[PDB]
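Protein chains in written order, with the deposited numbering: chain F, 317 to 473; chain Q, 35 to 146; chain G, 25 to 242; chain c, 1A, 2 to 181; chain R, 13 to 136; chain C, 42 to 281.
Backbone N, C-alpha and C define an ideal beta-carbon position, used for all residues, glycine too.
Beneath this line is the structure, given in structure tokens, with notes to follow.
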Ligand code: SF4
Ligand code: SF4
Ligand code: SF4
Ligand code: FES
Ligand SMILES: [K+]
Ligand SMILES: [Zn+2]
């Protein structure tokens, strides 16, 4: 409402004027999938030498894919926030900091949307999903996960 | 210290006449990078030229007649080990640990 | 030349140009590390040696940051111990549950440092699973189980610099980075097997010694 | 309380019918159980044929995925350090006071005084030459009173009960039952 | 013979016989380790002079049994997950990578996993 | 005469997620730490000639005295009304060969009076005698008899010192660190001599020392400071 394009005025509200690629959206879209796509971008583009971003960027990716379908638990929403804090400040180059800020952006301002997504999936599936996505009956048979929604959201390809 | 304290310990005479003890400080292991097992001095006894270990015929065990095979002593100062060895009248020999030579290591050296 | 500094209240006198970790190791303070070896070039990628310096917000890789004069170095702040458990929680995200069948069992630095500096619980129940790699065959002396590599590049730095065998390197990018020789060829150096001692985890183990003993027996 | 209980209120096998009336007519204390457990109640679902699906119990602060940093609850490494008080440190505390009740000058003048007790100071001399109020205030207690050995349990008290309350042996038997109070 | 009975082989040569007491196991003739003592030499001992060798313990050799299982084939995924088919009563869960054109056995169970697309070459 | 309930079927409480506070177990001893510190100092002030130093750990107060200061400090702690330790519970030792006097003789006294326990530590070497507390505490007759049997400590003033645990004519004191855990000899029944005879030790399976595979990293930190704020020397504050 009073956003003024500055290197620091946008910083006060938590964002920043990095590359001035100002993006404007509408309410007829799911930001959970839009942020999930950034997470799958920083993962695929991280060089992969520092431990926090070689692995932690995969930790985010493996969790936003369960978020976008709502196959998670409500407390796991703030679990991934604690993950993003374990990455920042520990990497050599600023790509690690750039992979955690979008995760906080979803949580900071759009928290109720993730809860509604999970509450949908409880109703949609019918059976609540435990930590990590495991249903009550999900197990391993002859070398494959069975009786559980496997999220083939790793670009398939 | 100066006394022949071994005459009161009741230990068999063979530890004075027939066995050799060693005062050493355990070396750093190549596999692991920890440096804590190499800060206490230890005493161990040499093995026997025969009868240290032999295969039990029945079950293939490791029989032994060496009653000092599983005896390792711990100390915190080198002198205490030597003094204790002197007190018992042990025929010991000291193994001086190697000292790693300092070399400064710089991140920038990969290009300079 | 020497610059006098204090690490956690212990005065340190070292040669100038040295790194913080050597200064700390001289003062007796133990700084956990995976990627730092005292006979190899310094890489700063494992991010386990992080410390806090008084005039900075940014944690310092003590294996790479050279020493200063009058600098105050902290190693036991709650901020640091939070960082050490975060990094530990990342290395074990993709590490296999191989300790019973792993020849590094009783002598693995990833076990003892995780026990000492990491948390006692894991928070990874993900349903997709861990990362899996194919084992590369690099001769009859080195038995590779690359699932266990923590991407610390001690093998690469040793073979390139000390051994002079430039056929070993990092091929790939990010989550698919795969230490090896890219194509299938055996490592050719008379000192190639010293990599077995440097590899802190069970990724590179002895082939003749495979499965024969545990380190507490010997 | 531990009052006598009717026999049919105990989980043991008991007679029925005509033999119950015979049992009550001939026994000294009719409410004494035979001691043979009830076949239909005792261990009836054996330990290997239960129905309870056990779940690992986890209190939240120490079992949570969040707000559960290990260094917060790492008590094994927060053990109390071992400090031994020699005669010298007792003298230094006695002469200079404590950290809570300072009796030391400030700045370099104080740093002179602390360094005095940084090397050997026998306590025999210190008590010979110091204000008698110091002993009554620091060493002794309550204006010169001695220091009684501290109690491991400040709530350990006892009181005498009687058979109408403790139910045990009456007053003639040569033992007495002590309560808490 | 005593040539197969005293040397370990990956696969035997002749068909094993359950009644032959000199075999290493009732379902396998030759030993399955380089340091495993042959059963023929083990029972050629004084302590067996007046025994009944048919009643000594002869468990079935587990190497021969495990290779009688079919190969699991995974569909449109190069990573197999194995846990011993018992969950909390099996081995720890280990992920197997099937990029190489072969059947990679599980570290604990010994079950062999491969890809479906590779079956034809594997079954040659 | 109602039928007995089937306790299997009666309803059980339902709980959600359990909460238990996490707090340092060493905190609850805080009051005990100060009072032992005060009473520890009191003994030192009363007897500066004997009490070398005193130490407090949680709820245990230790008094360190020389062998020549034992009978004096023991008598004081037995007879002084402020500290009536009439009951001596344990007399033992420990072997630290690195120190000049290896043996460390420890006494535990119980005050049923004030509900307190105190510990006396006094050192000893292999040949230097230690005063016997049997004239004060009769319960130390066998605890001193046991310490000599397992540590060889000379106890001066003991009415009857002899082996109590080991066999008669047993050579060597077992709990000394230099004594191997399996000893030196073993017994068997010899047919020729019609009697049980001693022979030198020979194990069919030699003891396996798995203790070598101990931790190569230090496992517990430097600890935490729990001294009462009334027992630290004040820092001389900086000047203007
Ligand atoms: S933080 Fe940067 S340098 Fe480090 S692994 Fe990630 S992309 Fe590479
Ligand atoms: S390398 Fe260490 S942590 Fe990894 S499986 Fe082997 S023993 Fe376990
Ligand atoms: S294979 Fe071993 S030495 Fe090489 S980078 Fe991985 S963990 Fe380090
Ligand atoms: S030891 Fe410094 S980052 Fe690896
Ligand atoms: K290794
Ligand atoms: Zn398996």
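Check, Outcome
"In DSSP terms, what residue 129 of chain Q is bridged to", "Q:58"
"Reduced DSSP category for residue 183 of chain C - H, G, I as helix; E, B as strand; rest coil", "helix"
"Residue 113 of chain C: first and last residue of the uninterrupted beta strand (DSSP E) it sits in", "Where residue 113 of chain C is concerned, there is no enclosing beta strand (DSSP E), although the alpha helix (DSSP H) it sits in stretches over 111-120."
"Closer than 9 Å to chain C by CB, residue 123 of chain Q", "no"
"Short-range partners of chain C found in the segment 5-36 of chain c, where Cβ spacing is below 9 Å", "6, 8, 9, 10, 11"
"Sequence-distant residues of its chain with Cβ nearer than 6 Å to residue 115 of chain G (five each side left out)", "174"
"Burial state of residue 59 of chain c, where buried means 16 or more other Cβ atoms lie within 10 Å", "exposed"
"Residues, ordered as in the chain, of the segment 89-107 of chain Q that lie near chain C by beta-carbon distance below 9 Å", "90, 92, 93, 95, 96, 97, 98, 99, 100, 101, 102, 103, 104, 105, 106, 107"
"Completely contained alpha helix (DSSP H) runs for the segment 57-86 of chain R, where each covers 4 or more residues", "74-78"
"Test item: CB-CB of residue 185 of chain C and residue 166 of chain C under 9 Å", "no"
"DSSP-derived helix/strand/coil call for residue 230 of chain C", "strand"
"Contact check, residue 347 of chain F vs residue 393 of chain F, beta carbons under 9 Å", "no"
"Inter-stretch contact at 8 Å, needing at least 3 Cβ pairs: the segment 82-89 of chain G / the segment 149-168 of chain G", "no"
"Closest Cα partner of residue 58 of chain R within the set Q:83, Q:86, Q:92, Q:134", "Q:92"
"Check: residue 68 of chain Q C-beta below 8 Å from any heavy atom of ligand 2", "no"
"Buried or exposed (CB count within 10 angstroms, at least 16 for buried), residue 45 of chain R", "exposed"
"Nearest to residue 6 of chain c (by Cα), restricted to the options c:18, c:154, c:100, c:24", "c:24"
"Endpoints, alpha helix (DSSP H) assigned at residue 81 of chain Q", "Premise fails: residue 81 of chain Q is in no alpha helix (DSSP H) and is neither H nor E."
"Proximity to residue 407 of chain F [Cα-Cα], best of G:70, G:134, G:137, G:148", "G:70"
"Residue 138 of chain G: CB within 8 Å of a non-hydrogen atom of ligand 2", "yes"
"Members of the segment 63-95 of chain c that neighbour chain F once the beta carbon cut-off is set at 7 Å", "65, 66"
"Three CB pairs or more closer than 8 Å across the segment 116-125 of chain G and the segment 96-106 of chain G", "no"
"Contacting positions in the segment 228-257 of chain C - beta carbon closer than 9 Å to chain Q", "241, 242, 243, 244, 245, 246, 247, 248, 249, 250, 252, 253, 255, 256, 257"
"Cβ-Cβ separation, residue 176 of chain G to residue 224 of chain G (assumed contact under 8 Å), whole Å", "7 Å"
"Beta-carbon separation (whole angstroms), residue 91 of chain c vs residue 126 of chain c, contact threshold 8 Å", "4 Å"
"Closer than 8 Å: residue 45 of chain G CB and nearest ligand 4 heavy atom", "yes"
"Touching by the beta-carbon criterion (3+ pairs, under 8 Å), the segment 145-159 of chain c and the segment 117-136 of chain C", "yes"
"C-alpha gap between residue 121 of chain C and residue 241 of chain C, whole angstroms", "53 Å"
"Interface positions of the segment 139-167 of chain G facing chain F (Cβ-Cβ less than 9 Å), listed along the chain", "147, 148, 149, 150, 151, 152, 153, 155"
"Chain-order list of residues whose beta-carbon lies under 6 Å from that of residue 130 of chain c (same chain, five-residue window excluded)", "none"
"Contact under 9 Å by Cβ, residue 150 of chain C with residue 160 of chain C", "yes"
"Start and end residues, alpha helix (DSSP H) containing residue 341 of chain F", "Looking at the DSSP string, residue 341 of chain F is not in any alpha helix (DSSP H), and its letter there is neither H nor E."
"Ligand 2 heavy atom lying under 8 Å from the CB of residue 120 of chain G", "yes"
"DSSP three-state assignment for residue 148 of chain G, whether helix, strand or coil", "coil"
"Closer than 8 Å: residue 87 of chain G CB and nearest ligand 4 heavy atom", "yes"
"Contact under 9 Å by Cβ, residue 75 of chain Q with residue 108 of chain Q", "yes"
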